[PDB]
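In structure tokens, the next block holds one chain alone, the form deposited in one PDB entry.
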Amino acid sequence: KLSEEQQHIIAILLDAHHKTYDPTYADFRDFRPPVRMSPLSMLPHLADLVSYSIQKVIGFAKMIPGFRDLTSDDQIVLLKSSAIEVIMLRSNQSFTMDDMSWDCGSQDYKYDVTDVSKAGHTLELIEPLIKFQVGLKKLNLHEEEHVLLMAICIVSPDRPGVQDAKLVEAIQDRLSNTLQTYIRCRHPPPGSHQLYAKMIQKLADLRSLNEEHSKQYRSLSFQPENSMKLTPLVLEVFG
């Protein structure tokens, strides 16, 4: 029941994701090495991982149909506001419900609650992030749904600082209609509505995690000792 336009959107988003997400995690070898002894020994490594991820998210975004047709300032506000959410979302692909960690091809590049702690984040945030990862994994999303959800996340008309909310909504609506139809092609009612509703609740949760973080990254990076351990792109993006 997917039209050609809908199929073309999915195809573009699959390519973009495949181009910007290397399931071998080979590039990780070029980050500052992880250290698990040392206040914030994991901060250099995870800062490099976050920074790299921001670059990749930007790459994915630029391929979202219509995104690059937005103004430069709208593209920036959208990316600054969504980066962390898309990172979290995209990270579900490495996440495993075995031990509740992100497994990027080895023990050295396998990240757990304590690793994240040693990057300067409290368990109080870290735990809701793990829970989110669990809930998302349980959806057993198809890659088609996964990339649509990332794209919906980025092109949200309700992000602070957006000027042409209507244009951003026009893109988002096409993506949401594509996702809904794809879901319908896989699942009759009411399973279809159930799954969609859960995907929407995941985007709400990400907003919440985003808000909560901003307050935390404000106190972490406020410290000059910490901010110095980050990267230029991370400073630019997270203000």
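In this text, rigid core is short for the largest set of C-alphas that superpose within 1.5 Å between two forms. Residues that one form lacks are left out of the comparison. One-based numbering along the sequence shown.
Asks: Unmodelled residues of the deposited sequence between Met37 and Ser38: none, 1 to 3, 4 to 9, or 10 or more?
Replies: Per the deposited record, the segment joining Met37 and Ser38 lacks coordinates for 10 or more residues.
Asks: Which is higher in the entry, the mean Cα B factor of 102-110 or that of 141-149?
Replies: The stretch with the larger average C-alpha B-factor is 102-110.
Asks: So 7-15 or 218-226, which one's hotter by mean CA B-factor in the entry?
Replies: The stretch with the larger average C-alpha B-factor is 218-226.
Asks: Which of these, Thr181, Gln194, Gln172, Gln55, has its C-alpha atom at the highest B-factor, as the entry lists it?
Replies: Comparing C-alpha B-factors across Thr181, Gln194, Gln172, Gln55, the maximum falls on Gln194.
Asks: Per the coordinate record, which of the options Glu211, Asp69, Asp205, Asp48 holds the highest CA temperature factor?
Replies: Largest recorded C-alpha B-factor: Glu211.
Asks: Sorting the chain's CA B-factors, does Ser117 end up in the lowest, middle or highest third?
Replies: According to the entry, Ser117 has a C-alpha B-factor in the chain's highest third.
Asks: Pull the Cα B-factor of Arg90 out of the PDB entry and bin it into the chain's lowest, middle or highest third.
Replies: Within its chain, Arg90 is a lowest-third residue by C-alpha B-factor, going by the deposited values.
Asks: Going by the entry, which third of its chain does the Cα temperature factor of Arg159 land in?
Replies: Middle third - that is where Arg159 ends up once the chain's C-alpha B-factors are sorted.
Asks: Would you mind checking where the Cα B-factor of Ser176 ranks among the modelled residues of its chain, as the lowest, middle or highest third?
Replies: It falls in the bottom third of the chain.
Asks: Based on the entry's values, in what third of the chain does the Cα temperature factor of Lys62 lie: lowest, middle or highest?
Replies: Lowest third.
Although it is not shown, the form deposited in another entry is what the next lines describe.
Asks: Only one of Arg32, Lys198, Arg207, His187 shifts by 2 Å or more at CA between the shown form and the other one when the core is aligned; which is it?
Replies: The answer here is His187.
Asks: Taking the shown form as reference, are the C-alpha positions of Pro188 and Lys137 brought closer or pushed farther apart in that other deposited form, with a change of 3 Å or more?
Replies: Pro188 and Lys137 sit closer together in that other deposited form.
Asks: Thinking of the 3 angstroms or more shift, are the C-alphas of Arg90 and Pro188 brought closer or pushed farther apart in that other deposited form than in this view?
Replies: Here the pair is farther apart than in that other deposited form; there, closer.
Asks: Rigid core superposed, please list the runs of 3+ consecutive shared residues whose C-alphas all move by 2 Å or more between the shown form and the other one.
Replies: Run with every C-alpha shifted by at least 2 Å: 186-193, nothing else.
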